[PDB]
Protein chains: 2
Amino acid sequence: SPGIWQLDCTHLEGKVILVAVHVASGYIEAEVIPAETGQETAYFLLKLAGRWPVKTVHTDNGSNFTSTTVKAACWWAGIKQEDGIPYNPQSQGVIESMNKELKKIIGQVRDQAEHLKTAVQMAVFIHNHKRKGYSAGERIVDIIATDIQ
Amino acid sequence: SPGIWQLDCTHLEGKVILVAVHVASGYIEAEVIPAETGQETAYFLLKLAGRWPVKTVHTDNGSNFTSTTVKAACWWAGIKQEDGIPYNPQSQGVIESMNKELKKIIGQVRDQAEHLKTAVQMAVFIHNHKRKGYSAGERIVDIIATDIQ
Ligand SMILES: O=C(O)CC[C@H]1COc2c(ccc(CNCc3ccccc3C(=O)NCc3ccccc3)c2C(=O)O)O1
Ligand SMILES: O=C(O)CC[C@H]1COc2c(ccc(CNCc3ccccc3C(=O)NCc3ccccc3)c2C(=O)O)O1
Ligand SMILES: [Cl-]
Ligand SMILES: [Cl-]
Ligand SMILES: [Cl-]
């Protein structure tokens, strides 16, 4: 559980927002990319795994699951690459609701930045700091620290 | 101490590597940029603060300390912007040694990537996972978790 992440890709302003969600905490990292290629996904995973102890990644779609470049990144970073089939149907709803929430926040900050990438990073900040009462940022650290201990 | 970060800028292949160091743990995040502008530094800090609980940032130089855009990012993200004067002279040596280490690792992986940005993210991964015996990644999580209580 401490090392499980889920990839998620959503669209806004004719651009792609690639998101990684730490499943147990709801903590996210995200980036704006022109399009969702294996190369972009691979680079994103390399960054993620250098920053958090990523054991397992549930890929967002079959193309990224298939991608040799994504597989190569997972090999390099010591990540178990898995599919993203929602065996638990609640997974769908959670990701869908998160995408809605992220887009809402982006709208709330959109006039504070010229570029979408900036608005997305503001949304990441707000999402991770939001108290629901602990924040997702507090939860991920506590979960991982407990695992280390 | 749990929320204290230091900025660091080093050069390689005619490009700029911007690094943030969590002082207490030695954990880093880094990016390659064409040049070190206030705008680039501001965006980097916005990303960092969305991902870790950044209380204080010691800026890497006077230009970034002065930069209204950097000040605006620190305001936005709730970061205390400070100077980077090494009142403790050991600070210099530590940053210098880290830059040497990072460049060494980049050299060790350089042929595994076409682009410097990729090599830098590999270096971030290796640096943060390296056992010195805990890793910097383990230390940062433990330090922050203990602070949260
Ligand atoms: O622009 C975007 O899409 C996002 C940015 C780009 C930045 O460059 C890259 C990138 C994504 C991937 C690579 C690796 N390329 C294959 C390669 C070229 C030359 C030598 C070896 C290899 C190799 O297979 N190594 C094993 C490996 C694969 C994937 C990840 C880590 C390690 C680059 C790069 O070559 O630098 O994302
Ligand atoms: O290319 C690079 O250098 C790195 C990428 C760029 C991507 O875009 C940006 C960036 C860095 C900064 C900004 C904000 N610009 C001022 C601005 C423009 C329009 C409206 C408001 C503001 C404003 O002052 N907001 C308060 C604020 C300032 C800095 C940081 C966060 C919040 C952008 C952007 O406008 O989107 O880094
Ligand atoms: Cl796409
Ligand atoms: Cl510096
Ligand atoms: Cl420069």
# chains A, B, ... in the order shown; residues from 1 in each chain; ligands from 1

$ residues_near_ligand --ligand "ligand 4" --cutoff "9 Å" --atoms "only C-alpha atoms and all ligand atoms" --output "number ranges by chain"
B: 6-10, 18-19, 59-61, 84, 95-96

$ write_last_selection --atoms "N, CA and C atoms" --output "PDB file, in the first residue's frame"
ATOM      1  N   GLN B   6      17.308  24.664   0.700  1.00  0.00           N
ATOM      2  CA  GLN B   6      18.339  25.524   0.114  1.00  0.00           C
ATOM      3  C   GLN B   6      18.369  25.338  -1.401  1.00  0.00           C
ATOM      4  N   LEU B   7      18.302  26.450  -2.124  1.00  0.00           N
ATOM      5  CA  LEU B   7      18.455  26.431  -3.575  1.00  0.00           C
ATOM      6  C   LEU B   7      19.924  26.396  -3.957  1.00  0.00           C
ATOM      7  N   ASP B   8      20.184  25.791  -5.102  1.00  0.00           N
ATOM      8  CA  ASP B   8      21.544  25.581  -5.591  1.00  0.00           C
ATOM      9  C   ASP B   8      21.475  25.517  -7.105  1.00  0.00           C
ATOM     10  N   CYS B   9      22.370  26.240  -7.760  1.00  0.00           N
ATOM     11  CA  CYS B   9      22.400  26.289  -9.207  1.00  0.00           C
ATOM     12  C   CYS B   9      23.791  25.881  -9.649  1.00  0.00           C
ATOM     13  N   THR B  10      23.858  24.901 -10.535  1.00  0.00           N
ATOM     14  CA  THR B  10      25.132  24.436 -11.082  1.00  0.00           C
ATOM     15  C   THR B  10      25.004  24.299 -12.598  1.00  0.00           C
ATOM     16  N   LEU B  18      19.078  23.447 -11.821  1.00  0.00           N
ATOM     17  CA  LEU B  18      18.550  24.053 -10.609  1.00  0.00           C
ATOM     18  C   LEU B  18      18.173  22.953  -9.619  1.00  0.00           C
ATOM     19  N   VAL B  19      18.704  23.061  -8.405  1.00  0.00           N
ATOM     20  CA  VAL B  19      18.536  22.047  -7.366  1.00  0.00           C
ATOM     21  C   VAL B  19      17.944  22.677  -6.110  1.00  0.00           C
ATOM     22  N   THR B  59      17.658  31.213  -0.729  1.00  0.00           N
ATOM     23  CA  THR B  59      17.900  31.412  -2.155  1.00  0.00           C
ATOM     24  C   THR B  59      19.376  31.207  -2.487  1.00  0.00           C
ATOM     25  N   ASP B  60      19.633  30.856  -3.740  1.00  0.00           N
ATOM     26  CA  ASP B  60      20.978  30.471  -4.179  1.00  0.00           C
ATOM     27  C   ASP B  60      21.872  31.655  -4.500  1.00  0.00           C
ATOM     28  N   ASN B  61      21.263  32.801  -4.775  1.00  0.00           N
ATOM     29  CA  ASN B  61      22.007  34.018  -5.095  1.00  0.00           C
ATOM     30  C   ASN B  61      21.146  35.260  -4.875  1.00  0.00           C
ATOM     31  N   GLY B  84      21.014  33.256   1.348  1.00  0.00           N
ATOM     32  CA  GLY B  84      21.768  32.001   1.404  1.00  0.00           C
ATOM     33  C   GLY B  84      23.194  32.208   1.877  1.00  0.00           C
ATOM     34  N   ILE B  95      27.321  21.988  -0.213  1.00  0.00           N
ATOM     35  CA  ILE B  95      26.717  22.262  -1.527  1.00  0.00           C
ATOM     36  C   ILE B  95      27.701  21.950  -2.656  1.00  0.00           C
ATOM     37  N   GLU B  96      28.943  22.384  -2.482  1.00  0.00           N
ATOM     38  CA  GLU B  96      29.997  22.098  -3.451  1.00  0.00           C
ATOM     39  C   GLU B  96      30.216  20.601  -3.668  1.00  0.00           C
TER      40      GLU B  96
END

$ closest_atom_pairs --of "stretch 56-108 of chain B" --to "stretch 28-50 of chain B" --cutoff "10 Å" --atoms "only C-alpha atoms" --output "tab-separated table"
residue	atom	partner	partner_atom	distance
B:56	CA	B:49	CA	10.0
B:57	CA	B:45	CA	8.8
B:59	CA	B:41	CA	9.5
B:60	CA	B:41	CA	10.0
B:63	CA	B:38	CA	7.7
B:64	CA	B:38	CA	5.8
B:65	CA	B:38	CA	9.0
B:66	CA	B:38	CA	8.9
B:67	CA	B:38	CA	5.7
B:68	CA	B:38	CA	7.8
B:69	CA	B:38	CA	5.8
B:70	CA	B:42	CA	4.6
B:71	CA	B:42	CA	7.9
B:72	CA	B:42	CA	7.7
B:73	CA	B:42	CA	5.2
B:74	CA	B:45	CA	7.4
B:76	CA	B:46	CA	8.0
B:77	CA	B:49	CA	6.3
B:78	CA	B:49	CA	8.4
B:79	CA	B:49	CA	7.9
B:98	CA	B:28	CA	9.9

$ closest_residue --among "A:115, A:130, A:11, A:104" --to "ligand 3" --atoms "only C-alpha atoms and all ligand atoms"
A:11

$ interface_residues --of "chain A" --to "chain B" --cutoff "8 Å" --atoms "only C-alpha atoms" --output "list in words"
residues 29, 43, 46, 47, 49, 50, 51, 52, 53, 77, 118, 121, 122, 124, 125, 126, 128, 129, 137, 138, 141, 142, 144, 145 and 148 of chain A

$ atom_distance --atom1 "atom 11 (C, counted along the ligand's line) of ligand 1" --atom2 "atom CA of residue A:81"
16.1 Å

$ atom_distance --atom1 "atom CA of residue A:55" --atom2 "atom CA of residue A:4"
6.0 Å

$ closest_residue --among "B:114, B:105, B:5, B:80" --to "residue B:24" --atoms "only C-alpha atoms"
B:5

$ atom_distance --atom1 "atom CA of residue A:107" --atom2 "atom CA of residue A:13"
11.3 Å

$ select_by_dssp --residues "stretch 28-127 of chain A" --states "strand (DSSP E)" --output "list in words"
residues 28, 29, 30, 31, 32, 33, 56, 57, 58, 80, 81 and 82 of chain A

$ write_last_selection --atoms "C-alpha atoms" --output "compact mmCIF listing (two decimals), in the first residue's frame"
# COMPACT_ATOMS: atom_id res chain seq x y z
CA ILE A 28 -0.76 13.86 -6.32
CA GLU A 29 1.95 15.04 -8.66
CA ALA A 30 1.05 16.44 -12.06
CA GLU A 31 2.42 17.96 -15.24
CA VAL A 32 1.11 19.52 -18.43
CA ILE A 33 2.34 17.89 -21.66
CA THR A 56 3.96 -0.18 -8.15
CA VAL A 57 2.35 1.97 -10.84
CA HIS A 58 -1.10 1.22 -12.21
CA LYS A 80 6.38 -2.80 -10.93
CA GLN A 81 4.30 -1.81 -13.96
CA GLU A 82 0.68 -2.94 -13.70

$ closest_residue --among "A:103, A:22, A:110, A:15" --to "ligand 2" --atoms "only C-alpha atoms and all ligand atoms"
A:110

$ select_by_dssp --residues "stretch 70-115 of chain A" --states "alpha helix (DSSP H)" --output "mmCIF file with N, CA, C and O atoms, in the first residue's frame"
data_model
loop_
_atom_site.group_PDB
_atom_site.id
_atom_site.type_symbol
_atom_site.label_atom_id
_atom_site.label_comp_id
_atom_site.auth_asym_id
_atom_site.auth_seq_id
_atom_site.Cartn_x
_atom_site.Cartn_y
_atom_site.Cartn_z
ATOM 1 N N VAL A 70 7.864 3.184 -21.626
ATOM 2 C CA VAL A 70 7.320 3.185 -20.273
ATOM 3 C C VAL A 70 7.847 1.973 -19.499
ATOM 4 O O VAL A 70 8.234 2.091 -18.341
ATOM 5 N N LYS A 71 7.864 0.811 -20.145
ATOM 6 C CA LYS A 71 8.399 -0.395 -19.508
ATOM 7 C C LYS A 71 9.863 -0.194 -19.126
ATOM 8 O O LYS A 71 10.283 -0.614 -18.047
ATOM 9 N N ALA A 72 10.614 0.462 -20.006
ATOM 10 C CA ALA A 72 12.038 0.761 -19.767
ATOM 11 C C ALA A 72 12.228 1.691 -18.572
ATOM 12 O O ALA A 72 13.132 1.491 -17.763
ATOM 13 N N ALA A 73 11.372 2.701 -18.457
ATOM 14 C CA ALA A 73 11.414 3.605 -17.298
ATOM 15 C C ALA A 73 11.105 2.860 -16.007
ATOM 16 O O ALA A 73 11.743 3.076 -14.981
ATOM 17 N N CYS A 74 10.117 1.976 -16.060
ATOM 18 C CA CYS A 74 9.736 1.191 -14.885
ATOM 19 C C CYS A 74 10.867 0.242 -14.495
ATOM 20 O O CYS A 74 11.193 0.106 -13.321
ATOM 21 N N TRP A 75 11.490 -0.377 -15.492
ATOM 22 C CA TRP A 75 12.686 -1.168 -15.241
ATOM 23 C C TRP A 75 13.771 -0.307 -14.581
ATOM 24 O O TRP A 75 14.334 -0.679 -13.555
ATOM 25 N N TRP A 76 14.053 0.848 -15.167
ATOM 26 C CA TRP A 76 15.156 1.672 -14.688
ATOM 27 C C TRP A 76 14.940 2.064 -13.229
ATOM 28 O O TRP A 76 15.835 1.932 -12.392
ATOM 29 N N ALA A 77 13.731 2.520 -12.935
ATOM 30 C CA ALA A 77 13.390 3.063 -11.616
ATOM 31 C C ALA A 77 12.942 2.010 -10.594
ATOM 32 O O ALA A 77 12.560 2.352 -9.472
ATOM 33 N N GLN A 90 -15.190 1.392 -7.477
ATOM 34 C CA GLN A 90 -15.034 2.692 -6.809
ATOM 35 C C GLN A 90 -13.819 3.478 -7.316
ATOM 36 O O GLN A 90 -13.819 4.705 -7.281
ATOM 37 N N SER A 91 -12.799 2.763 -7.783
ATOM 38 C CA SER A 91 -11.589 3.383 -8.351
ATOM 39 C C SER A 91 -11.922 4.396 -9.447
ATOM 40 O O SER A 91 -11.411 5.515 -9.447
ATOM 41 N N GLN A 92 -12.782 3.990 -10.377
ATOM 42 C CA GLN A 92 -13.285 4.884 -11.431
ATOM 43 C C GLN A 92 -13.793 6.197 -10.870
ATOM 44 O O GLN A 92 -13.322 7.267 -11.246
ATOM 45 N N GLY A 93 -14.779 6.090 -9.982
ATOM 46 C CA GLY A 93 -15.440 7.249 -9.390
ATOM 47 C C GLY A 93 -14.475 8.187 -8.695
ATOM 48 O O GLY A 93 -14.582 9.405 -8.830
ATOM 49 N N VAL A 94 -13.524 7.606 -7.966
ATOM 50 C CA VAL A 94 -12.510 8.375 -7.239
ATOM 51 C C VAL A 94 -11.659 9.211 -8.198
ATOM 52 O O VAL A 94 -11.489 10.411 -7.990
ATOM 53 N N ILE A 95 -11.141 8.574 -9.245
ATOM 54 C CA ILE A 95 -10.322 9.261 -10.260
ATOM 55 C C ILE A 95 -11.137 10.335 -10.988
ATOM 56 O O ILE A 95 -10.667 11.456 -11.198
ATOM 57 N N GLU A 96 -12.359 9.979 -11.373
ATOM 58 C CA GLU A 96 -13.279 10.919 -12.029
ATOM 59 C C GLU A 96 -13.555 12.154 -11.163
ATOM 60 O O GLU A 96 -13.512 13.282 -11.650
ATOM 61 N N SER A 97 -13.834 11.925 -9.884
ATOM 62 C CA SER A 97 -14.082 13.013 -8.931
ATOM 63 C C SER A 97 -12.844 13.879 -8.710
ATOM 64 O O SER A 97 -12.949 15.095 -8.550
ATOM 65 N N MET A 98 -11.678 13.244 -8.692
ATOM 66 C CA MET A 98 -10.413 13.972 -8.534
ATOM 67 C C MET A 98 -10.151 14.880 -9.736
ATOM 68 O O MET A 98 -9.734 16.023 -9.574
ATOM 69 N N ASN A 99 -10.413 14.366 -10.932
ATOM 70 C CA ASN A 99 -10.258 15.158 -12.157
ATOM 71 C C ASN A 99 -11.192 16.370 -12.162
ATOM 72 O O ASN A 99 -10.788 17.469 -12.522
ATOM 73 N N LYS A 100 -12.436 16.157 -11.744
ATOM 74 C CA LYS A 100 -13.406 17.251 -11.583
ATOM 75 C C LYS A 100 -12.895 18.309 -10.604
ATOM 76 O O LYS A 100 -12.903 19.512 -10.894
ATOM 77 N N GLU A 101 -12.439 17.843 -9.448
ATOM 78 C CA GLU A 101 -11.889 18.725 -8.409
ATOM 79 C C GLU A 101 -10.681 19.503 -8.918
ATOM 80 O O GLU A 101 -10.574 20.704 -8.694
ATOM 81 N N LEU A 102 -9.758 18.812 -9.580
ATOM 82 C CA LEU A 102 -8.567 19.485 -10.112
ATOM 83 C C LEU A 102 -8.928 20.564 -11.125
ATOM 84 O O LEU A 102 -8.397 21.668 -11.081
ATOM 85 N N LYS A 103 -9.855 20.253 -12.023
ATOM 86 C CA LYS A 103 -10.309 21.235 -13.009
ATOM 87 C C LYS A 103 -11.005 22.425 -12.357
ATOM 88 O O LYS A 103 -10.854 23.559 -12.807
ATOM 89 N N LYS A 104 -11.760 22.158 -11.296
ATOM 90 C CA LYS A 104 -12.389 23.225 -10.526
ATOM 91 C C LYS A 104 -11.332 24.174 -9.964
ATOM 92 O O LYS A 104 -11.455 25.387 -10.094
ATOM 93 N N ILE A 105 -10.294 23.612 -9.350
ATOM 94 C CA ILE A 105 -9.235 24.425 -8.745
ATOM 95 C C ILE A 105 -8.495 25.214 -9.820
ATOM 96 O O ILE A 105 -8.205 26.395 -9.647
ATOM 97 N N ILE A 106 -8.190 24.556 -10.935
ATOM 98 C CA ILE A 106 -7.553 25.228 -12.065
ATOM 99 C C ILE A 106 -8.373 26.454 -12.492
ATOM 100 O O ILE A 106 -7.824 27.523 -12.736
ATOM 101 N N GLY A 107 -9.690 26.294 -12.568
ATOM 102 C CA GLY A 107 -10.581 27.419 -12.868
ATOM 103 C C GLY A 107 -10.481 28.540 -11.843
ATOM 104 O O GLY A 107 -10.471 29.722 -12.190
ATOM 105 N N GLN A 108 -10.385 28.158 -10.574
ATOM 106 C CA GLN A 108 -10.280 29.119 -9.474
ATOM 107 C C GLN A 108 -8.987 29.932 -9.483
ATOM 108 O O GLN A 108 -8.961 31.040 -8.961
ATOM 109 N N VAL A 109 -7.922 29.373 -10.050
ATOM 110 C CA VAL A 109 -6.628 30.063 -10.107
ATOM 111 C C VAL A 109 -6.268 30.539 -11.507
ATOM 112 O O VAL A 109 -5.230 31.169 -11.702
#
